[PDB]
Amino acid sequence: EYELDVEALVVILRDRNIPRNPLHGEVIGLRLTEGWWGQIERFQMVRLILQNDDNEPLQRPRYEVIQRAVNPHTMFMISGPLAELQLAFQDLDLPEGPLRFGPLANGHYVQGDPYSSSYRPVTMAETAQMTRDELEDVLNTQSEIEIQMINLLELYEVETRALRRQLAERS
């Protein structure tokens, strides 16, 4: 649990033409368009803590990291650079292992899908920061991704060959 600046959060909401007031217990899916890891999208999931067990507003509100990957259907979503989002979510960082991939957290790479299109592997800055088990999980997941990319590359070659043949036959 880290510190939450709710007035910064509201500015972030308004800048994005989101009118809803953030509520206690709400979960938010974050798309971080860039950060310390580089200029590539990553994902994080947080839960607002605005009140205490007695249902009274906190003087110093907080948020917590949720250990589930952000999904394409994730309802409440915010995109922005790490530096901007940290205005609301103090110390915000990437989640463990392949969770940071969001919709690709389980290696499902889909042709034509915007998220698959935007996916980018972990950088060297990221891997220096990982534990052994994180590295295994990330590596396992990127490997699954590569297997689909490879399969897609083969299909592209066959199709490209066929198209070129069709084009000669019709020229």
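A residue's number is simply how far along the shown sequence it sits, counting from 1.
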**Asked** Would 14-22 or 147-155 have the larger average of its C-alpha temperature factors, as given in the entry?
**Response** 14-22
**Asked** Hey, which bit's got the bigger mean C-alpha B factor in the entry, 59-67 or 135-143?
**Response** 59-67
**Asked** Among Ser116, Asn52, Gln44, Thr123, where is the Cα temperature factor highest, going by the PDB entry?
**Response** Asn52
**Message:** When the deposited Cα B-factors of this chain's modelled residues are ordered and cut into thirds, is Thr127 in the lowest, the middle or the highest one?
**Reply:** lowest
**Complete:** The third of the chain into which the C-alpha temperature factor of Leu99 falls is the lowest
**Complete:** Sorting the chain's modelled residues by C-alpha B-factor and splitting them into thirds places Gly29 in the lowest
**Message:** Split into thirds by Cα B-factor across the chain's modelled residues, where does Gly107 land: lowest, middle or highest?
**Reply:** middle
**Request:** Looking at the entry's B-factor column for C-alpha atoms only, identify whether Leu92 ranks in the lowest, middle or highest third of its chain.
**Result:** middle
